[PDB]
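To be precise, the following lines are final35.txt, and they hold compact mmCIF, N, CA, C and O atoms.
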```txt
# COMPACT_ATOMS: atom_id res chain seq x y z
N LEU A 1 0.82 -1.21 0.00
CA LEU A 1 0.00 0.00 0.00
C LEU A 1 0.86 1.26 0.00
O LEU A 1 0.67 2.15 -0.83
N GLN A 2 1.82 1.34 0.92
CA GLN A 2 2.63 2.55 1.03
C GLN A 2 3.50 2.77 -0.21
O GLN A 2 3.86 3.91 -0.51
N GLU A 3 3.84 1.70 -0.94
CA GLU A 3 4.60 1.86 -2.17
C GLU A 3 3.80 2.62 -3.23
O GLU A 3 4.39 3.27 -4.10
N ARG A 4 2.47 2.54 -3.17
CA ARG A 4 1.65 3.24 -4.16
C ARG A 4 1.80 4.75 -4.05
O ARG A 4 1.65 5.46 -5.04
N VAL A 5 2.08 5.26 -2.84
CA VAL A 5 2.31 6.69 -2.67
C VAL A 5 3.55 7.12 -3.44
O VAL A 5 3.55 8.14 -4.14
N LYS A 6 4.64 6.35 -3.32
CA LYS A 6 5.90 6.74 -3.95
C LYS A 6 5.81 6.68 -5.47
O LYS A 6 6.34 7.56 -6.16
N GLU A 7 5.16 5.65 -6.01
CA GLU A 7 5.14 5.46 -7.46
C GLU A 7 4.43 6.61 -8.17
O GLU A 7 4.91 7.12 -9.18
N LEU A 8 3.27 7.03 -7.65
CA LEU A 8 2.50 8.08 -8.31
C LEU A 8 3.12 9.45 -8.11
O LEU A 8 3.00 10.32 -8.98
N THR A 9 3.77 9.68 -6.97
CA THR A 9 4.35 10.99 -6.69
C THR A 9 5.48 11.31 -7.65
O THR A 9 5.55 12.42 -8.20
N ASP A 10 6.39 10.35 -7.88
CA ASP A 10 7.61 10.65 -8.62
C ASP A 10 7.32 10.88 -10.10
O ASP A 10 7.80 11.86 -10.69
N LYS A 11 6.56 9.98 -10.73
CA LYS A 11 6.40 10.05 -12.18
C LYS A 11 5.54 11.24 -12.60
O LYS A 11 5.87 11.94 -13.57
N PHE A 12 4.44 11.50 -11.88
CA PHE A 12 3.57 12.61 -12.25
C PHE A 12 4.24 13.95 -12.00
O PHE A 12 4.06 14.90 -12.77
N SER A 13 5.02 14.06 -10.92
CA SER A 13 5.80 15.27 -10.69
C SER A 13 6.83 15.46 -11.80
O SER A 13 7.08 16.59 -12.24
N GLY A 14 7.45 14.37 -12.25
CA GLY A 14 8.33 14.45 -13.41
C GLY A 14 7.59 14.89 -14.66
O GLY A 14 8.13 15.65 -15.47
N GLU A 15 6.35 14.43 -14.83
CA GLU A 15 5.53 14.91 -15.94
C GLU A 15 5.28 16.41 -15.82
O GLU A 15 5.32 17.13 -16.82
N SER A 16 5.00 16.88 -14.60
CA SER A 16 4.86 18.32 -14.38
C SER A 16 6.17 19.04 -14.67
O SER A 16 6.17 20.11 -15.29
N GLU A 17 7.30 18.47 -14.23
CA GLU A 17 8.59 19.07 -14.52
C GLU A 17 8.91 19.02 -16.01
O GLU A 17 9.47 19.97 -16.56
N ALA A 18 8.57 17.91 -16.67
CA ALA A 18 8.82 17.80 -18.10
C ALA A 18 8.03 18.83 -18.89
O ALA A 18 8.55 19.45 -19.82
N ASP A 19 6.75 19.02 -18.53
CA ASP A 19 5.95 20.05 -19.17
C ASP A 19 6.43 21.46 -18.82
O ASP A 19 6.22 22.38 -19.61
N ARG A 20 7.05 21.63 -17.65
CA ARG A 20 7.60 22.93 -17.28
C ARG A 20 8.81 23.28 -18.14
O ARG A 20 8.99 24.44 -18.52
N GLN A 21 9.64 22.29 -18.46
CA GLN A 21 10.82 22.54 -19.28
C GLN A 21 10.44 23.02 -20.67
O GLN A 21 11.09 23.92 -21.23
N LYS A 22 9.40 22.43 -21.26
CA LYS A 22 8.91 22.90 -22.55
C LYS A 22 8.43 24.34 -22.46
O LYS A 22 8.67 25.14 -23.37
N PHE A 23 7.74 24.68 -21.37
CA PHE A 23 7.31 26.06 -21.17
C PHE A 23 8.51 27.00 -21.07
O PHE A 23 8.51 28.10 -21.64
N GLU A 24 9.55 26.58 -20.34
CA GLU A 24 10.76 27.39 -20.24
C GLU A 24 11.45 27.53 -21.59
O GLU A 24 11.91 28.62 -21.95
N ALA A 25 11.54 26.43 -22.34
CA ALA A 25 12.16 26.49 -23.67
C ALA A 25 11.35 27.37 -24.61
O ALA A 25 11.91 28.14 -25.40
N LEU A 26 10.02 27.26 -24.55
CA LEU A 26 9.17 28.11 -25.38
C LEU A 26 9.33 29.58 -25.02
O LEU A 26 9.36 30.45 -25.89
N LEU A 27 9.43 29.87 -23.72
CA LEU A 27 9.64 31.25 -23.29
C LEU A 27 10.97 31.79 -23.79
O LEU A 27 11.05 32.93 -24.25
N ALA A 28 12.02 30.97 -23.71
CA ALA A 28 13.31 31.38 -24.27
C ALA A 28 13.23 31.55 -25.78
O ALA A 28 13.81 32.50 -26.33
N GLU A 29 12.52 30.65 -26.46
CA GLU A 29 12.34 30.78 -27.90
C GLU A 29 11.58 32.05 -28.26
O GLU A 29 11.95 32.76 -29.20
N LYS A 30 10.51 32.35 -27.52
CA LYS A 30 9.73 33.55 -27.79
C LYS A 30 10.56 34.81 -27.55
O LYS A 30 10.50 35.76 -28.33
N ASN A 31 11.34 34.83 -26.47
CA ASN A 31 12.17 36.00 -26.18
C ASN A 31 13.30 36.14 -27.18
O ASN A 31 13.67 37.26 -27.56
N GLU A 32 13.88 35.01 -27.62
CA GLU A 32 14.98 35.07 -28.58
C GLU A 32 14.53 35.68 -29.90
O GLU A 32 15.23 36.52 -30.48
N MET A 33 13.36 35.26 -30.40
CA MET A 33 12.86 35.80 -31.66
C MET A 33 12.31 37.21 -31.51
O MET A 33 12.20 37.93 -32.51
N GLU A 34 11.95 37.63 -30.29
CA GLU A 34 11.46 38.99 -30.09
C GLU A 34 12.55 40.02 -30.35
O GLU A 34 12.32 41.02 -31.03
N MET A 35 13.75 39.78 -29.81
CA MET A 35 14.85 40.71 -30.05
C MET A 35 15.37 40.60 -31.48
O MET A 35 15.92 41.57 -32.01
N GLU A 36 15.22 39.43 -32.11
CA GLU A 36 15.62 39.29 -33.50
C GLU A 36 14.80 40.20 -34.41
O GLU A 36 15.35 40.83 -35.32
N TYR A 37 13.49 40.28 -34.17
CA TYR A 37 12.66 41.22 -34.91
C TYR A 37 13.06 42.66 -34.61
O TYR A 37 13.14 43.49 -35.53
N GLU A 38 13.32 42.98 -33.34
CA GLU A 38 13.71 44.34 -32.98
C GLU A 38 14.98 44.77 -33.70
O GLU A 38 15.12 45.95 -34.05
N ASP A 39 15.90 43.84 -33.94
CA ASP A 39 17.07 44.15 -34.75
C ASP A 39 16.67 44.46 -36.19
O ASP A 39 17.25 45.35 -36.83
N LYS A 40 15.68 43.74 -36.72
CA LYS A 40 15.25 43.95 -38.10
C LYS A 40 14.63 45.33 -38.29
O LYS A 40 14.84 45.97 -39.33
N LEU A 41 13.86 45.80 -37.31
CA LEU A 41 13.23 47.11 -37.44
C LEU A 41 14.26 48.23 -37.53
O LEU A 41 14.13 49.13 -38.36
N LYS A 42 15.30 48.18 -36.69
CA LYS A 42 16.27 49.27 -36.68
C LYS A 42 17.16 49.23 -37.91
O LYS A 42 17.57 50.29 -38.42
N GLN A 43 17.49 48.04 -38.40
CA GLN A 43 18.34 47.93 -39.59
C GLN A 43 17.65 48.52 -40.81
O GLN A 43 18.29 49.21 -41.62
N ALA A 44 16.35 48.26 -40.98
CA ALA A 44 15.61 48.85 -42.08
C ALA A 44 15.54 50.37 -41.94
O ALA A 44 15.65 51.10 -42.93
N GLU A 45 15.33 50.85 -40.71
CA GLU A 45 15.28 52.29 -40.48
C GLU A 45 16.61 52.96 -40.79
O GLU A 45 16.65 54.03 -41.41
N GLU A 46 17.72 52.35 -40.36
CA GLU A 46 19.03 52.93 -40.61
C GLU A 46 19.33 52.98 -42.11
O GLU A 46 19.87 53.97 -42.61
N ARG A 47 19.00 51.91 -42.83
CA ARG A 47 19.19 51.91 -44.28
C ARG A 47 18.27 52.92 -44.95
O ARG A 47 18.66 53.55 -45.95
N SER A 48 17.06 53.10 -44.43
CA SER A 48 16.14 54.08 -45.00
C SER A 48 16.70 55.49 -44.90
O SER A 48 16.64 56.26 -45.87
N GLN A 49 17.25 55.85 -43.74
CA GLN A 49 17.85 57.17 -43.59
C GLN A 49 19.11 57.31 -44.44
O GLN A 49 19.36 58.37 -45.02
N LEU B 1 -6.06 1.06 -0.05
CA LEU B 1 -5.15 1.00 -1.18
C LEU B 1 -5.61 1.90 -2.32
O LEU B 1 -4.81 2.65 -2.90
N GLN B 2 -6.90 1.85 -2.66
CA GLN B 2 -7.40 2.62 -3.79
C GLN B 2 -7.54 4.10 -3.46
O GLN B 2 -7.38 4.96 -4.33
N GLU B 3 -7.87 4.42 -2.20
CA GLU B 3 -8.14 5.81 -1.83
C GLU B 3 -6.95 6.71 -2.13
O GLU B 3 -7.09 7.76 -2.76
N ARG B 4 -5.75 6.30 -1.70
CA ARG B 4 -4.56 7.08 -1.98
C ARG B 4 -4.26 7.13 -3.47
O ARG B 4 -3.88 8.18 -4.00
N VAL B 5 -4.43 6.00 -4.16
CA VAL B 5 -4.03 5.91 -5.57
C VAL B 5 -4.80 6.92 -6.40
O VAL B 5 -4.22 7.64 -7.22
N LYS B 6 -6.11 7.01 -6.19
CA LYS B 6 -6.90 8.01 -6.92
C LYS B 6 -6.60 9.42 -6.43
O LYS B 6 -6.65 10.37 -7.23
N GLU B 7 -6.28 9.59 -5.15
CA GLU B 7 -5.97 10.92 -4.63
C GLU B 7 -4.69 11.47 -5.24
O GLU B 7 -4.65 12.61 -5.72
N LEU B 8 -3.62 10.68 -5.23
CA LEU B 8 -2.34 11.15 -5.75
C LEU B 8 -2.36 11.25 -7.27
O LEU B 8 -1.76 12.16 -7.84
N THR B 9 -3.03 10.31 -7.94
CA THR B 9 -3.05 10.33 -9.40
C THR B 9 -3.73 11.59 -9.93
O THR B 9 -3.23 12.22 -10.87
N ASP B 10 -4.86 11.96 -9.34
CA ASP B 10 -5.63 13.09 -9.86
C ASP B 10 -4.92 14.42 -9.61
O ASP B 10 -4.80 15.24 -10.52
N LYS B 11 -4.44 14.64 -8.38
CA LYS B 11 -3.88 15.94 -8.05
C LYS B 11 -2.51 16.14 -8.68
O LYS B 11 -2.15 17.26 -9.07
N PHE B 12 -1.71 15.07 -8.78
CA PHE B 12 -0.37 15.20 -9.34
C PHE B 12 -0.41 15.32 -10.86
O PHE B 12 0.38 16.07 -11.44
N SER B 13 -1.31 14.59 -11.51
CA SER B 13 -1.46 14.73 -12.96
C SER B 13 -2.01 16.09 -13.34
O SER B 13 -1.67 16.62 -14.40
N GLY B 14 -2.86 16.68 -12.49
CA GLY B 14 -3.37 18.01 -12.76
C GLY B 14 -2.28 19.06 -12.83
O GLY B 14 -2.39 20.01 -13.60
N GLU B 15 -1.23 18.91 -12.02
CA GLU B 15 -0.10 19.82 -12.10
C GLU B 15 0.57 19.73 -13.46
O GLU B 15 0.95 20.76 -14.05
N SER B 16 0.74 18.51 -13.98
CA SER B 16 1.28 18.35 -15.33
C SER B 16 0.34 18.94 -16.37
O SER B 16 0.78 19.57 -17.34
N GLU B 17 -0.97 18.72 -16.20
CA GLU B 17 -1.94 19.30 -17.13
C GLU B 17 -1.95 20.82 -17.05
O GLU B 17 -2.12 21.50 -18.07
N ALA B 18 -1.77 21.37 -15.84
CA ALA B 18 -1.77 22.82 -15.68
C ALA B 18 -0.61 23.49 -16.41
O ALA B 18 -0.74 24.66 -16.81
N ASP B 19 0.51 22.80 -16.60
CA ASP B 19 1.64 23.36 -17.32
C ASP B 19 1.44 23.33 -18.83
O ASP B 19 2.22 23.97 -19.55
N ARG B 20 0.44 22.62 -19.33
CA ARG B 20 0.14 22.59 -20.76
C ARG B 20 -0.63 23.82 -21.20
O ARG B 20 -0.34 24.39 -22.26
N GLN B 21 -1.63 24.25 -20.42
CA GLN B 21 -2.38 25.45 -20.76
C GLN B 21 -1.49 26.68 -20.75
O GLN B 21 -1.63 27.57 -21.60
N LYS B 22 -0.57 26.76 -19.78
CA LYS B 22 0.41 27.84 -19.79
C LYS B 22 1.30 27.76 -21.02
O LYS B 22 1.63 28.78 -21.63
N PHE B 23 1.70 26.54 -21.40
CA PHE B 23 2.47 26.36 -22.62
C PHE B 23 1.67 26.78 -23.85
O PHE B 23 2.20 27.44 -24.75
N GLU B 24 0.39 26.41 -23.90
CA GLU B 24 -0.46 26.80 -25.02
C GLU B 24 -0.66 28.31 -25.07
O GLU B 24 -0.60 28.91 -26.15
N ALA B 25 -0.90 28.93 -23.91
CA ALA B 25 -1.05 30.38 -23.87
C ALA B 25 0.24 31.08 -24.28
O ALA B 25 0.21 32.08 -25.00
N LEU B 26 1.38 30.56 -23.82
CA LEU B 26 2.66 31.12 -24.23
C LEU B 26 2.88 30.95 -25.73
O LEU B 26 3.40 31.86 -26.40
N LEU B 27 2.51 29.79 -26.27
CA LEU B 27 2.63 29.58 -27.71
C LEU B 27 1.73 30.53 -28.49
O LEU B 27 2.14 31.08 -29.52
N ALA B 28 0.50 30.72 -28.02
CA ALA B 28 -0.40 31.68 -28.66
C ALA B 28 0.16 33.10 -28.56
O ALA B 28 0.08 33.87 -29.52
N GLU B 29 0.71 33.45 -27.40
CA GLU B 29 1.33 34.76 -27.24
C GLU B 29 2.54 34.92 -28.16
O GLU B 29 2.73 35.98 -28.76
N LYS B 30 3.35 33.87 -28.28
CA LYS B 30 4.52 33.93 -29.15
C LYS B 30 4.13 34.13 -30.61
O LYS B 30 4.77 34.89 -31.34
N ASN B 31 3.07 33.45 -31.05
CA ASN B 31 2.65 33.57 -32.44
C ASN B 31 2.04 34.94 -32.72
O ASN B 31 2.18 35.48 -33.82
N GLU B 32 1.34 35.51 -31.73
CA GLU B 32 0.60 36.75 -31.97
C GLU B 32 1.53 37.93 -32.22
O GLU B 32 1.36 38.68 -33.19
N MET B 33 2.54 38.12 -31.36
CA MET B 33 3.44 39.25 -31.53
C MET B 33 4.37 39.07 -32.73
O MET B 33 4.94 40.05 -33.20
N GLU B 34 4.53 37.84 -33.21
CA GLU B 34 5.29 37.62 -34.44
C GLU B 34 4.61 38.30 -35.62
O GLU B 34 5.26 38.93 -36.46
N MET B 35 3.28 38.18 -35.71
CA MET B 35 2.54 38.84 -36.78
C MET B 35 2.62 40.36 -36.64
O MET B 35 2.74 41.07 -37.64
N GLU B 36 2.55 40.87 -35.41
CA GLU B 36 2.66 42.31 -35.19
C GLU B 36 4.02 42.83 -35.62
O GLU B 36 4.12 43.89 -36.25
N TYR B 37 5.09 42.10 -35.30
CA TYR B 37 6.42 42.51 -35.72
C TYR B 37 6.56 42.46 -37.23
O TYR B 37 7.21 43.33 -37.83
N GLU B 38 5.97 41.46 -37.88
CA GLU B 38 5.96 41.41 -39.33
C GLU B 38 5.22 42.60 -39.92
O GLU B 38 5.65 43.18 -40.92
N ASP B 39 4.10 42.98 -39.30
CA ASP B 39 3.39 44.19 -39.73
C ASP B 39 4.25 45.43 -39.50
O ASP B 39 4.24 46.35 -40.33
N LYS B 40 4.98 45.47 -38.39
CA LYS B 40 5.87 46.60 -38.13
C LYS B 40 6.96 46.71 -39.18
O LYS B 40 7.27 47.80 -39.67
N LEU B 41 7.57 45.57 -39.55
CA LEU B 41 8.58 45.58 -40.61
C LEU B 41 7.96 45.98 -41.94
O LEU B 41 8.58 46.71 -42.73
N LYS B 42 6.75 45.49 -42.23
CA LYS B 42 6.09 45.84 -43.48
C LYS B 42 5.80 47.34 -43.55
O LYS B 42 6.02 47.97 -44.59
N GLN B 43 5.33 47.93 -42.45
CA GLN B 43 5.00 49.35 -42.45
C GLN B 43 6.26 50.22 -42.41
O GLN B 43 6.26 51.33 -42.96
N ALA B 44 7.32 49.73 -41.77
CA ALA B 44 8.56 50.51 -41.72
C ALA B 44 9.18 50.67 -43.10
O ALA B 44 9.72 51.73 -43.43
N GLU B 45 9.12 49.62 -43.93
CA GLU B 45 9.69 49.69 -45.26
C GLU B 45 8.83 50.50 -46.23
O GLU B 45 9.37 51.12 -47.15
N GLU B 46 7.51 50.50 -46.03
CA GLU B 46 6.63 51.21 -46.95
C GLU B 46 6.91 52.71 -46.95
O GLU B 46 6.98 53.34 -48.01
N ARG B 47 7.08 53.30 -45.76
CA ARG B 47 7.42 54.71 -45.69
C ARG B 47 8.83 54.99 -46.19
O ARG B 47 9.11 56.09 -46.67
N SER B 48 9.72 54.00 -46.09
CA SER B 48 11.09 54.19 -46.57
C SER B 48 11.11 54.46 -48.07
O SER B 48 11.80 55.37 -48.54
N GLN B 49 10.34 53.68 -48.83
CA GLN B 49 10.19 53.97 -50.25
C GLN B 49 9.43 55.27 -50.47
O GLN B 49 9.76 56.06 -51.36
```
Go through the file and emit its structure as C-alpha cells.
Amino acid sequence: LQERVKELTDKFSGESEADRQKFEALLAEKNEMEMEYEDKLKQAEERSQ
Amino acid sequence: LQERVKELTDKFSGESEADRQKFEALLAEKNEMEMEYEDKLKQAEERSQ
C-alpha cells in the first residue's frame, strides 16, 4: 500500500517538470525571436535614412 | 489501497496538465506578436520607399 504513494508521486511530478521545461524552452524561444525582430526594425530604419 | 491511488493520481497529474495550458497560452502569445512585428517591418519599409 505505502509503495503506491511513492510510485505516483515521482512520475507525475516528473511529468509536471517535463511540461515545465517545454514552457521554459518556449519562453526562451519567444524571447529570442522577439529581439531578432527588434534588430530587423532598426536595420531597415538605418538603411532608410 | 485505492483511496490514496486516486488521490495522488488526480492531483499530481493536474499539475502536469496545468503546465500545458500555460504552454499553449505562451505559444499563442509567441505567435501573436510575431505577426505584429511582421506588420511593423512591413510598415517601416513602406514609408522608406
Please superimpose chain A upon chain B, fitting all C-alpha atoms matched one to one in order, and report the result as a compact mmCIF listing (two decimals) with N, CA, C and O atoms, in the frame of the given file.
```
# COMPACT_ATOMS: atom_id res chain seq x y z
N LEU A 1 -6.06 1.86 1.20
CA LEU A 1 -4.94 1.70 0.27
C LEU A 1 -5.33 2.10 -1.15
O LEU A 1 -4.64 2.90 -1.79
N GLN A 2 -6.44 1.57 -1.65
CA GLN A 2 -6.83 1.85 -3.03
C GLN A 2 -7.19 3.32 -3.24
O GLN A 2 -7.07 3.83 -4.35
N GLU A 3 -7.61 4.02 -2.18
CA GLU A 3 -7.89 5.45 -2.30
C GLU A 3 -6.61 6.24 -2.61
O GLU A 3 -6.69 7.31 -3.22
N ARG A 4 -5.45 5.73 -2.20
CA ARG A 4 -4.21 6.45 -2.46
C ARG A 4 -3.91 6.53 -3.95
O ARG A 4 -3.26 7.47 -4.39
N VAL A 5 -4.36 5.54 -4.73
CA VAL A 5 -4.17 5.59 -6.17
C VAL A 5 -4.93 6.77 -6.76
O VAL A 5 -4.41 7.51 -7.60
N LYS A 6 -6.19 6.95 -6.34
CA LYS A 6 -7.02 8.00 -6.93
C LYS A 6 -6.51 9.39 -6.56
O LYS A 6 -6.52 10.29 -7.41
N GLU A 7 -6.09 9.58 -5.32
CA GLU A 7 -5.70 10.92 -4.86
C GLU A 7 -4.49 11.45 -5.63
O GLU A 7 -4.47 12.60 -6.05
N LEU A 8 -3.47 10.61 -5.82
CA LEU A 8 -2.25 11.06 -6.49
C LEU A 8 -2.45 11.21 -7.98
O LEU A 8 -1.81 12.07 -8.61
N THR A 9 -3.30 10.38 -8.59
CA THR A 9 -3.50 10.43 -10.03
C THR A 9 -4.14 11.74 -10.45
O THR A 9 -3.70 12.38 -11.42
N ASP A 10 -5.19 12.18 -9.74
CA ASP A 10 -5.99 13.31 -10.21
C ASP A 10 -5.22 14.62 -10.07
O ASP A 10 -5.17 15.42 -11.02
N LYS A 11 -4.62 14.87 -8.90
CA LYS A 11 -4.03 16.18 -8.66
C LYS A 11 -2.76 16.40 -9.48
O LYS A 11 -2.56 17.48 -10.04
N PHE A 12 -1.90 15.38 -9.57
CA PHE A 12 -0.66 15.53 -10.32
C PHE A 12 -0.92 15.64 -11.81
O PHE A 12 -0.24 16.39 -12.52
N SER A 13 -1.91 14.90 -12.32
CA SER A 13 -2.31 15.06 -13.72
C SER A 13 -2.85 16.47 -13.96
O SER A 13 -2.60 17.07 -15.01
N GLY A 14 -3.62 17.00 -13.01
CA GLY A 14 -4.05 18.39 -13.10
C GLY A 14 -2.88 19.35 -13.09
O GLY A 14 -2.89 20.36 -13.80
N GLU A 15 -1.85 19.05 -12.29
CA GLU A 15 -0.63 19.86 -12.32
C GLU A 15 0.02 19.80 -13.70
O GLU A 15 0.51 20.82 -14.20
N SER A 16 0.06 18.60 -14.30
CA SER A 16 0.57 18.48 -15.67
C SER A 16 -0.30 19.26 -16.64
O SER A 16 0.21 19.94 -17.53
N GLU A 17 -1.63 19.18 -16.48
CA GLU A 17 -2.53 19.94 -17.33
C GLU A 17 -2.39 21.44 -17.09
O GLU A 17 -2.44 22.23 -18.04
N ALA A 18 -2.24 21.84 -15.83
CA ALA A 18 -2.08 23.25 -15.52
C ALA A 18 -0.81 23.82 -16.14
O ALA A 18 -0.81 24.93 -16.69
N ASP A 19 0.30 23.07 -16.05
CA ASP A 19 1.53 23.50 -16.70
C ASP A 19 1.43 23.46 -18.22
O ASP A 19 2.14 24.21 -18.89
N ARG A 20 0.58 22.59 -18.76
CA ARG A 20 0.38 22.54 -20.21
C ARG A 20 -0.36 23.79 -20.70
O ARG A 20 -0.05 24.31 -21.77
N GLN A 21 -1.32 24.28 -19.92
CA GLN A 21 -2.07 25.46 -20.32
C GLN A 21 -1.17 26.68 -20.41
O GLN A 21 -1.31 27.51 -21.33
N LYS A 22 -0.24 26.83 -19.47
CA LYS A 22 0.73 27.92 -19.54
C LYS A 22 1.59 27.81 -20.79
O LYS A 22 1.89 28.81 -21.44
N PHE A 23 2.00 26.58 -21.14
CA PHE A 23 2.75 26.38 -22.37
C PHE A 23 1.93 26.77 -23.59
O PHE A 23 2.44 27.41 -24.53
N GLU A 24 0.64 26.40 -23.61
CA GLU A 24 -0.23 26.79 -24.71
C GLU A 24 -0.41 28.30 -24.77
O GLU A 24 -0.38 28.89 -25.86
N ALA A 25 -0.61 28.93 -23.61
CA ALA A 25 -0.76 30.39 -23.59
C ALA A 25 0.52 31.08 -24.03
O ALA A 25 0.48 32.08 -24.76
N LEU A 26 1.67 30.57 -23.59
CA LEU A 26 2.94 31.14 -24.01
C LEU A 26 3.15 30.99 -25.51
O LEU A 26 3.65 31.89 -26.18
N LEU A 27 2.77 29.83 -26.06
CA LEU A 27 2.88 29.62 -27.50
C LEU A 27 1.99 30.59 -28.27
O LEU A 27 2.41 31.15 -29.28
N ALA A 28 0.76 30.79 -27.78
CA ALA A 28 -0.11 31.79 -28.41
C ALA A 28 0.46 33.19 -28.26
O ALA A 28 0.39 33.99 -29.21
N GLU A 29 1.02 33.51 -27.10
CA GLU A 29 1.65 34.81 -26.90
C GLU A 29 2.83 35.01 -27.84
O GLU A 29 3.00 36.08 -28.43
N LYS A 30 3.68 33.98 -27.98
CA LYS A 30 4.83 34.08 -28.86
C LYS A 30 4.40 34.25 -30.31
O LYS A 30 4.98 35.05 -31.05
N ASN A 31 3.39 33.50 -30.74
CA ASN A 31 2.91 33.62 -32.12
C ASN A 31 2.23 34.95 -32.36
O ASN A 31 2.35 35.53 -33.45
N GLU A 32 1.48 35.45 -31.37
CA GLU A 32 0.79 36.73 -31.53
C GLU A 32 1.77 37.87 -31.75
O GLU A 32 1.57 38.72 -32.62
N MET A 33 2.85 37.90 -30.95
CA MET A 33 3.84 38.97 -31.09
C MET A 33 4.73 38.77 -32.31
O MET A 33 5.35 39.74 -32.77
N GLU A 34 4.83 37.54 -32.84
CA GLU A 34 5.63 37.31 -34.03
C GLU A 34 5.04 38.02 -35.25
O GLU A 34 5.76 38.67 -36.00
N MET A 35 3.72 37.89 -35.44
CA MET A 35 3.09 38.57 -36.56
C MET A 35 3.00 40.08 -36.33
O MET A 35 2.96 40.85 -37.29
N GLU A 36 2.96 40.51 -35.06
CA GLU A 36 2.97 41.94 -34.78
C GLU A 36 4.26 42.60 -35.25
O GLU A 36 4.22 43.69 -35.82
N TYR A 37 5.40 41.94 -35.03
CA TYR A 37 6.66 42.44 -35.56
C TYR A 37 6.65 42.42 -37.08
O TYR A 37 7.11 43.39 -37.72
N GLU A 38 6.14 41.35 -37.69
CA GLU A 38 6.11 41.27 -39.15
C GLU A 38 5.30 42.41 -39.76
O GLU A 38 5.64 42.89 -40.84
N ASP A 39 4.25 42.86 -39.07
CA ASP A 39 3.53 44.04 -39.52
C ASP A 39 4.41 45.28 -39.44
O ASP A 39 4.35 46.16 -40.32
N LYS A 40 5.24 45.38 -38.40
CA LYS A 40 6.10 46.55 -38.23
C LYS A 40 7.14 46.65 -39.34
O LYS A 40 7.46 47.75 -39.80
N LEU A 41 7.70 45.51 -39.76
CA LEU A 41 8.71 45.54 -40.81
C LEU A 41 8.15 46.07 -42.13
O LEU A 41 8.79 46.89 -42.79
N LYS A 42 6.95 45.63 -42.51
CA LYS A 42 6.41 46.05 -43.80
C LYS A 42 5.95 47.50 -43.77
O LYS A 42 6.06 48.21 -44.78
N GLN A 43 5.43 47.96 -42.63
CA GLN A 43 4.98 49.35 -42.53
C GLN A 43 6.14 50.31 -42.68
O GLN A 43 6.02 51.35 -43.35
N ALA A 44 7.29 50.01 -42.06
CA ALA A 44 8.46 50.85 -42.22
C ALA A 44 8.96 50.83 -43.66
O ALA A 44 9.37 51.87 -44.20
N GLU A 45 8.93 49.65 -44.29
CA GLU A 45 9.36 49.55 -45.69
C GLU A 45 8.45 50.35 -46.61
O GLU A 45 8.93 51.04 -47.52
N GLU A 46 7.13 50.27 -46.41
CA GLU A 46 6.20 50.99 -47.26
C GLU A 46 6.39 52.51 -47.10
O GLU A 46 6.35 53.25 -48.09
N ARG A 47 6.57 52.97 -45.87
CA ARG A 47 6.82 54.39 -45.65
C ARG A 47 8.16 54.81 -46.24
O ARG A 47 8.30 55.93 -46.75
N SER A 48 9.16 53.93 -46.18
CA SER A 48 10.46 54.24 -46.76
C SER A 48 10.36 54.47 -48.26
O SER A 48 10.94 55.42 -48.79
N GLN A 49 9.64 53.60 -48.97
CA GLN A 49 9.46 53.78 -50.40
C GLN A 49 8.61 55.01 -50.71
O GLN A 49 8.89 55.74 -51.67
```
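Coordinates place atom CA of residue 42 of chain B at a distance of 10.8 Å from atom CA of residue 40 of chain A.
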Residues of chain B at most 4.5 Å from chain A: nearest atom pair and distance in Å, only N, CA, C and O atoms, as a Markdown table:
```
| residue | atom | partner | partner_atom | distance |
| --- | --- | --- | --- | --- |
| B:12 | O | A:12 | O | 4.1 |
| B:16 | CA | A:16 | CA | 3.7 |
| B:19 | O | A:19 | O | 4.3 |
```
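Atom to atom, atom O of residue 43 of chain B and atom O of residue 28 of chain A stand 26.2 Å apart.
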Emit as JSON the padded axis-aligned box for all listed atoms of segment 15-26 of chain A, 5 Å per side, with centre and edge lengths in Å to one decimal.
```
{"center_x": 8.5, "center_y": 22.4, "center_z": -20.1, "size_x": 17.3, "size_y": 26.0, "size_z": 21.7}
```
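Interatomic distance, atom N of residue 46 of chain B to atom N of residue 46 of chain A: 11.8 Å.
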